Amino acid sequence: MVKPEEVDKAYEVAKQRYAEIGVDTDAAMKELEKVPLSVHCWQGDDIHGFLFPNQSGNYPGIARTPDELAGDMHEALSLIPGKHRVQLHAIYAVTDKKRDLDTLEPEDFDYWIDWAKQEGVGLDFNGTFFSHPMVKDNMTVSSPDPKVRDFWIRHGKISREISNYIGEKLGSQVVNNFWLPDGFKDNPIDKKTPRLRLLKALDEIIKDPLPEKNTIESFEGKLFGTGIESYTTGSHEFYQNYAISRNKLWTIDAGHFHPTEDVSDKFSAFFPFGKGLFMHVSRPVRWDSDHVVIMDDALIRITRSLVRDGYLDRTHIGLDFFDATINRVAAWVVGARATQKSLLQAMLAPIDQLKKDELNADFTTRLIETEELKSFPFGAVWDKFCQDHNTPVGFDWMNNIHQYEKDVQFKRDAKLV
Amino acid sequence: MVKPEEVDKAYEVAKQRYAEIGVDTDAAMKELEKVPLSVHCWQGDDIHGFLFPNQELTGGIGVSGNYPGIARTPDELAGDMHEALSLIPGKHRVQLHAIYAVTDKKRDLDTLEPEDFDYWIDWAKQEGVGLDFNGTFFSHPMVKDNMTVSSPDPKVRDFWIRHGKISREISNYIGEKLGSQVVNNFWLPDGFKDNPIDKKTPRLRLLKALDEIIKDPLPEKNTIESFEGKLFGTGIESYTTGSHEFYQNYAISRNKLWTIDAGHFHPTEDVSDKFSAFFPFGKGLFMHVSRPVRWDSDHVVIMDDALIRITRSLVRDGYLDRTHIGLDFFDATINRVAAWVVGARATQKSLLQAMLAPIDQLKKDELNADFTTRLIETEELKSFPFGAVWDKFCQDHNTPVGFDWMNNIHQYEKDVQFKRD
Amino acid sequence: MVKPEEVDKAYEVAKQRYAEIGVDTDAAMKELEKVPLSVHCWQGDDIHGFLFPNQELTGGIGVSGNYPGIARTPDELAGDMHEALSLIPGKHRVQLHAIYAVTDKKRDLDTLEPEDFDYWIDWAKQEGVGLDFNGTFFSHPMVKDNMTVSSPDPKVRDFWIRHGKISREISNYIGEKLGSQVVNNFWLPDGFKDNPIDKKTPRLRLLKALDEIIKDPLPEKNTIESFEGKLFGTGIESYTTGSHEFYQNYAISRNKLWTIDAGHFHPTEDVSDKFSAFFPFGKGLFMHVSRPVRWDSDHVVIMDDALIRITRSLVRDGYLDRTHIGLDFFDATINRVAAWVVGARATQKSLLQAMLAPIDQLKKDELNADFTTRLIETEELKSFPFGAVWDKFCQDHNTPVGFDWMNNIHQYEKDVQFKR
Amino acid sequence: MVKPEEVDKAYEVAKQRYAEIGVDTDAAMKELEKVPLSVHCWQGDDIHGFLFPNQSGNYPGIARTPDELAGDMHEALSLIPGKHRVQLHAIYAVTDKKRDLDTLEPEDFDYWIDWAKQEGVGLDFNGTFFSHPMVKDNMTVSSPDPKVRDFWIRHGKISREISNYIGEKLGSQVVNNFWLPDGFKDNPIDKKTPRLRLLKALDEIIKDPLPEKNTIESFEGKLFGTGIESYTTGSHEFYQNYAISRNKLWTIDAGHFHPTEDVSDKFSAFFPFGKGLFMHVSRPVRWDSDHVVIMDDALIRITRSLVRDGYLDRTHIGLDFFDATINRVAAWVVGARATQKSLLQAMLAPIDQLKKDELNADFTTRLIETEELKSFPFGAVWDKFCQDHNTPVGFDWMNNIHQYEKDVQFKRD
Ligand SMILES: O=C(CO)[C@H](O)[C@H](O)[C@H](O)CO
Ligand SMILES: O=C(CO)[C@H](O)[C@H](O)[C@H](O)CO
Ligand SMILES: O=C(CO)[C@H](O)[C@H](O)[C@H](O)CO
Ligand SMILES: O=C(CO)[C@H](O)[C@H](O)[C@H](O)CO
Ligand SMILES: OC[C@H]1O[C@@](O)(CO)[C@H](O)[C@@H]1O
Ligand SMILES: OC[C@H]1O[C@@](O)(CO)[C@H](O)[C@@H]1O
Ligand SMILES: [Mn+2]
Ligand SMILES: [Mn+2]
Ligand SMILES: [Mn+2]
Ligand SMILES: [Mn+2]
Ligand SMILES: [Mn+2]
Ligand SMILES: [Mn+2]
Ligand SMILES: [Mn+2]
Ligand SMILES: [Mn+2]
């Protein structure tokens, strides 16, 4: 185990190193405290949910019930320093009433409201527009089939009713994120009409007013997906236009863009025109592969672009990934800690001074300092943050994962549901 | 040379082949006549212009090549564009840059006057073409660390804002005189070579500066502005102030046009995807067809996946009437007049191939999720006789067929271009 | 229906337009009929095969769709391939996978026997086609953490090395019976989902394992091996043991064939660039034409920039005599028989367009740095009447012209596929 | 100014943090000492050289003379901890004789041999196959014009003679790197014949035997260049095949590959077959832009792939970038220090235990530990390495740059 006095010794020296270049490590840690990550429930059970029984990776101890998933999320959050949020999907409804996506009721989420209050977390929401017989040729809200459209519009309206109810009960705004798989596997003839059907369907979904204090909708675009490679009805351009036009949020999923595309470029082109962002941090490996978030160029750029340009007050940060080849609880902790330490590194910079140097076209100073900061003792500040919030330092949280494996995950498959 | 009887015989067979699948070849040719291409003047003289005799090319863009017979004067450039248009069937437009001002007066970019373009108004009337316009925001000492309108330096900003306002006054004047709306396209090099600390402030400086440029109202019948984003340029690789997102947002919110340059996007990015995401919200597009080869290289437009997708996406979804098609390339390694004709003809034959489809039936098949029929038919149409309809279009419009227009280039080299130096 | 008189008329005018620029359309069609395509059997039944009913499809590759009329028996798949080949002009080849073994004997991948392919030898002789072969290194419980031949587990290695050796023995036996060399294509899923620590040792394990597989000499007249690299697959995104560089190096050093699958490279990567960098050093290519849409998606091959560049690069530089052209794609969202015909006809018309160019003169123009003439002529040729020559080729070889073969597909749906 | 006792105290804590996970920080630093970077001379003077007077950026104080360039490289090396090498280009010949690229003599590099001895560094070499009237339609060695081919073959042979001589005089092998611009702006008809002309020409260049002890050739491919976008004669595949076939080195320039291409993937696909590598670390920003090397995914992957798989003894690491928008001396130090701290981070991992975990398919432990290691105190070990080798720590070397600007660079123009 790392010794707390080792952490304290390293922190005091780091504090002085950063003080010398005009950076306050105490203030940086206070800033990181105020950035909640919205931890996605579906990593815990491979997006099975509880509504439709049996609707990459095979690690033992998949969650199969609300209590198992709740326990798994509690365990992950206990190893993530600070205060965070959880994202639900509609299929994570908890009820003994037989339900379809178009018959869900707000009370079906009382279980998660009660859990969030106990855990001390806010809730965000996602309608479920996939893994259903009413998905017709990969289309839902914008299907050419009006019976398919009507079903999914009913689900869309219900997602808002649920989100409103949850926000009212928790006293914290629910971001209700819309992702639709709608598109074509192969080259379409008509690109226009599907997007006009989508526009009309979304306007119908958001028509009935609900208090902004309780909920607001965000719209998640995508470039391509498996079996839907050639055309995505809900493009990034369509949804940025839709969010600005209809005064809603825009969702940027870091895995959903072109090869070499830097999603950190988008923030400063959106905020002159739009309300707010839901930033889904996700690692794409050559496609929308939904790898666990790690400290890489994309995450460093996303986090430093939000910090440097002061956008955190208008950006809701969520995780989105699904890796079942590794301990599913550890996946959450890796991704959350990677996001936090990346935010903290960005906060541990003399940003005001670097901005003045850049305005003066002192590109020599900017390059030298940004490169030197990558090997400043940011780890010492991160370790101190972990310790101050009663979470294990460095390798030490593997001890907690191994204990959870012995006690829970390695036994669970043989346990009755 | 190709015998007109060969074109007529091939056309009569092609007409029947297309009629058999519910396609009217005569009607398709009538549709192609209604699509003017805006031919860019700067391919003729390697973007030298007339304002600054020996100014070096800056702003993340480069011209490679050394072919004989570069245009050096207004008369030479005008003659070269006349020769290119004589080999491009139908009626088209020409794009000017501000540096193509024709005056005996000492001008800078902030002292240009509308009458400095009387030469081009007179030429356009005699040629029977419309004019589009581009402010020149590059190759100038007042470009400071690759920035212009959005420079943090108020002196630099003010100079370039004055040029922007003048571009609108010039464009309005040309539009009034020609009785045809002048699209005034704005392209700025503004950005950073290396990674910026502040991405927000440059884009707020750009927003405020553009609003100042467009503040004074001018009749839409004479001119409307379009805004051209870029991902990266040479010496400006890491950040572009005027991004595609920024300008799509700007155009929609300020009721202006959005410029899509096919060379200015990510690897594998399909700009034909953008039209149907734009038109539920926005007014119109200026499409700059340009061939990127692994960077914004401004290669001559050829019949490739990008051009085919651009053209068929505009035809299939009925966007031609809200989309101005402009050319943008500069290849100096080849006959500069031939460069124009290759790119223009590539664009036209690609539009025509898209028009020669049973689009209403293909749309119904797709609505019924008949993806088998869609794949079979779209693939068969790629080897239908679209060339026979293209040749007939060329012949009907008094332009050479196939390889024949090379004879015209060789004669123009002999009589004009090769005599110049 | 297309009137044969329309085809004949269009062809006579096309023949003259091409003759005017020094191109012989009759000679172009003779050249095309000498290029066989190896039609992959696995498009017919969504790569189910016959060895293991209902085994889940694994190995970084997926099939989307549920169009009616899937083949479920050897006889159904054989009939479906017969129907596709009947609509593709000229004479071609078929690729088998090991899992397409036909036997009432209990078999695993390490106990397959050459005689388990007698069914396909008989079919190939009756159909009049050559056969190529692929070992099946996926969709099996012995695939351990996405690794087979180069697994760190010796038991897994030994199982897959036995399958590798058997693929060669089966291929040798087919080649002997058919009197036509079997290209035996090796594709392994081996790799990691996430970032590896050790990139060296897996590739040394692969090198050793492949050397063991090919150790026992077999007659070159009967079979030769080809090795197929990949950049990434689903669930194996971060590292592929058998990289393109590994296999080009391996093919050259061991005097085997290199397999280029057009779907298996980087964004913007032009696989037609590789031929002229390989042939100064290496023996032969197996070119797997496949359409990737933003991943190794195995879309049906269409006439696009990639296919046009592949076919014209092989034609212009005279590499066809050393290049085996195979199809690889699986699209179950459409008529599976139609999928074959679309991809095969796209490939043939693209080869033919490449052959319909004054290549000798264009090369001289290029040698003289006449880039103006090269650009004008290559662009004009894209709208020459290549379709008239293609139509003449289809008609001369007793296949429907243009949209007409849709009638055959609709008749086959009504009479066969929709009855299953 | 960072206090040495601040560095020593941070180091002692880091040493213990690393010891706890089976990593020896003293040994990691000894391994870093053994990895020389070949610093490219041409960043100092914007690739002008001295052979042909004036044939992105305009920062003041460009080197214009051998003495100026030599002094600039001395300053950069004084701020890069440990012992390194310098790469020359043929156009950096120092002679009062009238020379062309096909008439250079080994003695024309006596200036640089003498400088390298004084500085205590080895020299690598690059033939200059660009910026010359004999470049015909962007082709040199593989031009269809036999007069052009013969001119560039003479230069190629002379590059080997110069390299052998430098190698003999310094007692250190000269890696003689060959980069040719040869290719086409637009789509070629014949891709085969240019590459056969290249094969025949390279074989003529390397025909005359020279001792590997003094010099070995390396071959640098490229995907595309400005004005040469559509076809490159010397492709990566061509040169990997050529290097393996002819028993020479293969040059991997990190800036010269496809979008998303990870050049760290190539090493373990090459070394079962080939002799050695020349690794040109370079930052591409959406093209072969030759940005200064920084600590990014590419550099982290290149350096950890070399140290994890033990390829450093067969891999020569060179810098290749040109940024004239910043202090040119600072450009070298940023790139070199980025490379060194990235190598050091890779060396500060429990590589044997991680290999064991991965062999055992423990992908959970591998993800957790590799991610934790990114925020271990690698900076404390880097700062100790800098201080132990008499170079400034962190921001402090900016003082040295500012002083060199006042005293030298800002006095030139
Ligand atoms: O990115 C998404 C779809 O690819 C979605 O936001 C979530 O991952 C989805 O709701 C669950 O897979
Ligand atoms: O695309 C552009 C620059 O990249 C511009 O529209 C034109 O190229 C410029 O106005 C002239 O080069
Ligand atoms: O490309 C391949 C896998 O990615 C293989 O050649 C074939 O697709 C496989 O053998 C059948 O899926
Ligand atoms: O990569 C290169 C050219 O793009 C070369 O190695 C060097 O940059 C050249 O020798 C000097 O510019
Ligand atoms: O993991 C230990 C052994 O168990 C197995 O037999 C099955 O996992 C492996 O192949 C090893 O030999
Ligand atoms: O290690 C001492 C130096 O000696 C060498 O010059 C080799 O002779 C290396 O380049 C080092 O820089
Ligand atoms: Mn998402
Ligand atoms: Mn995703
Ligand atoms: Mn443009
Ligand atoms: Mn461009
Ligand atoms: Mn394949
Ligand atoms: Mn594939
Ligand atoms: Mn290099
Ligand atoms: Mn480079």
Side-chain angles (χ1 to χ4, degrees), chain B residues 40-43 46-47 49 57-63 95-99 133-139 185-189 226 228-234 236 240 259-264 286 288 290 292 295-298 326-330, chain D residues 33-43 46-47 49 77 82-91 116-117 119-131 167 170-173 177-181 218 220-226 228 232 234 251 253-256 278 280 282 284 287-290 316 318-322:
Chain B
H40 55 303
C41 70
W42 49 98
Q43 160 71 56
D46 297 352
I47 329 180
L57 222 207
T58 80
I61 55 158
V63 186
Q95 291 185 70
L96 299 179
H97 245 288
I99 53 163
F133 197 81
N134 298 257
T136 311
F137 293 96
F138 60 85
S139 297
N185 179 61
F186 282 78
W187 177 68
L188 312 175
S226 200
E228 182 178 4
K230 200 169 180 174
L231 178 58
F232 79 99
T234 54
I236 325 169
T240 306
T259 299
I260 302 173
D261 183 309
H264 289 189
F286 195 19
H288 265 202
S290 185
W295 73 289
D296 176 35
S297 54
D298 288 303
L327 302 184
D328 192 359
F329 49 80
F330 15 106
Chain D
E33 280 195 322
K34 294 159 81 148
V35 187
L37 305 181
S38 201
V39 174
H40 57 302
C41 70
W42 50 93
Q43 159 71 46
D46 299 356
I47 327 176
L77 291 170
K83 291 300 305 173
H84 300 284
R85 300 172 64 75
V86 161
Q87 302 179 63
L88 301 179
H89 243 285
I91 53 168
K117 283 176 159 176
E119 185 64 32
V121 301
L123 295 177
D124 299 304
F125 197 82
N126 298 256
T128 310
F129 294 94
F130 58 87
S131 297
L170 289 189
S172 181
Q173 178 190 68
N177 182 57
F178 283 79
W179 177 70
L180 308 181
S218 198
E220 184 180 359
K222 199 171 183 175
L223 174 58
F224 81 98
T226 298
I228 324 171
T232 308
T251 296
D253 182 311
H256 291 187
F278 197 17
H280 268 198
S282 189
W287 76 286
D288 178 32
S289 58
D290 286 315
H316 305 252
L319 304 183
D320 194 2
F321 49 78
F322 17 101

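Heavy-atom basis, side chains included; hydrogens, waters and symmetry copies ignored. Chain A is the first sequence line, chain B the second, and so forth, proteins listed ahead of strands; every chain is numbered from 1. When a ligand or atom number is given, it counts from 1 through the structure's own listing order.
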Have D:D320 and D:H40 got a donor and an acceptor in their side chains that come within less than 3.5 Å?
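No pair is found: no donor N or O on one side chain lies under 3.5 Å from an acceptor on the other.
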
Give the atoms of ligand 6, by number and element, whose distance to some non-hydrogen atom of [X] is under 4.0 Å.
X      : answer
D:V121 : 6 (O)
D:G122 : 6 (O), 10 (O)
D:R85  : 10 (O)

Please say whether D:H256 places an N or O atom under 3.5 Å from an N or O atom belonging to ligand 4.
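The answer is yes, given that D:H256 and ligand 4 share an N or O pair closer than 3.5 Å.
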
Is there a polar contact between ligand 4 and D:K222, counting only N or O atoms under 3.5 Å apart?
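Checking ligand 4 against D:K222, an N or O pair does fall under 3.5 Å apart.
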
Can you list the atoms of ligand 4 that are under 4.0 Å from a heavy atom of D:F322?
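Once the distances to D:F322 are compared, the set is 8 (O), 12 (O).
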
Enumerate the atoms of ligand 4 whose separation from the nearest heavy atom of D:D288 is less than 4.0 angstrom.
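Atoms satisfying the 4.0 Å criterion: 4 (O).
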
With a 4.0 Å cut-off on heavy atoms, does B:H40 reach ligand 2?
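No, B:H40 has no heavy atom closer than 4.0 Å to ligand 2.
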
Is B:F137 close enough to touch ligand 2? Criterion: a residue heavy atom under 4.0 Å from a ligand atom.
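For ligand 2, residue contact (heavy atoms, under 4.0 Å) with B:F137 is absent.
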
Can you give me the closest heavy-atom contact between [X] and [Y], atom names plus distance?
X      : Y      : value
D:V39  : D:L319 : CG2-CD1, 4.2 Å
D:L123 : D:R85  : O-NH2, 3.1 Å
D:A254 : D:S282 : CB-O, 3.4 Å
D:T128 : D:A90  : OG1-N, 3.1 Å
D:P181 : D:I228 : O-CD1, 3.5 Å

Do any nitrogen or oxygen atoms of D:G171 lie less than 3.5 angstrom from nitrogen or oxygen atoms of ligand 6?
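Not met; the criterion fails.
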
In terms of residue, atom name and distance, what is the protein heavy atom nearest to [atom]?
atom                    : result
atom 11 (C) of ligand 4 : D:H89 NE2, 3.4 Å
atom 12 (O) of ligand 6 : D:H84 O, 2.7 Å
atom 7 (C) of ligand 4  : D:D320 OD2, 3.2 Å
atom 8 (O) of ligand 6  : D:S172 CB, 3.6 Å
atom 2 (C) of ligand 4  : D:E220 OE2, 3.5 Å
atom 3 (C) of ligand 6  : D:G120 O, 3.8 Å

Provide the number and element of each atom of ligand 2 under 4.0 Å from a heavy atom of [X].
X      : result
B:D261 : 1 (O)
B:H288 : 6 (O)
B:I61  : 3 (C), 4 (O), 12 (O)

Is a donor on one side and an acceptor on the other found under 3.5 Å between the side chain of [X] and the backbone of [Y]?
X      : Y      : result
B:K230 : B:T240 : no
D:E220 : D:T251 : no
D:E33  : D:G82  : no

Begin with the C-alpha distance, continue with both residues' side-chain angles, and end with the deciding distance and a verdict on side chain to side chain contact (heavy atoms under 4.5 Å, CB included) for D:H280 and D:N177.
CA-CA 10 Å; D:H280 268 198; D:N177 182 57; 3.7 Å; yes

Please state which part of B:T136 comes within less than 4.0 Å of ligand 2, counting heavy atoms only: side chain, backbone, both or neither.
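Within the 4.0 Å criterion, B:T136 makes no contact with ligand 2.
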
Does only the side chain of B:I47 get under 4.0 Å from ligand 2, or the backbone, or both, or neither? Count heavy atoms.
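Side chain only.
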
If you measure every N/O of B:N185 against every N/O of ligand 2, is any gap under 3.5 Å?
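B:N185 vs ligand 2: no N/O contact under 3.5 Å.
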
Are any of the N/O atoms on B:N134, whether in the backbone or the side chain, positioned under 3.5 angstrom from an N/O atom of ligand 2?
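No, there is no polar N/O contact under 3.5 Å.
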
Give, for atom [atom1] of [X] and atom [atom2] of [Y], the distance between the pair rounded to the nearest 0.5 Å.
X      : Y      : atom1 : atom2 : value
D:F224 : B:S297 : CZ    : OG    : 8.5 Å
B:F138 : B:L57  : CZ    : CG    : 6.5 Å
D:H84  : D:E119 : NE2   : CD    : 11.0 Å
D:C41  : D:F125 : SG    : CZ    : 9.5 Å

Under-4.0 Å heavy-atom contact with ligand 4, by part of D:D290 that carries it:
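It is neither; nothing of D:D290 touches ligand 4.
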
Which label fits B:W187 and B:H264: parallel for a plane angle under 30°, tilted from 30 to 60°, or perpendicular past 60°?
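Geometry flag for B:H264 against B:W187: tilted rings.
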
Tell me the contacting part of D:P36 for ligand 6: side chain, backbone, both, or neither, using a 4.0 Å heavy-atom threshold, strictly below.
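It is neither part, as no heavy atom is under 4.0 Å.
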
Using a 4.0 Å heavy-atom cut-off, say whether D:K83 meets ligand 6 through its side chain, its backbone, both or neither.
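For D:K83, backbone and side-chain atoms both sit under 4.0 Å from ligand 6.
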
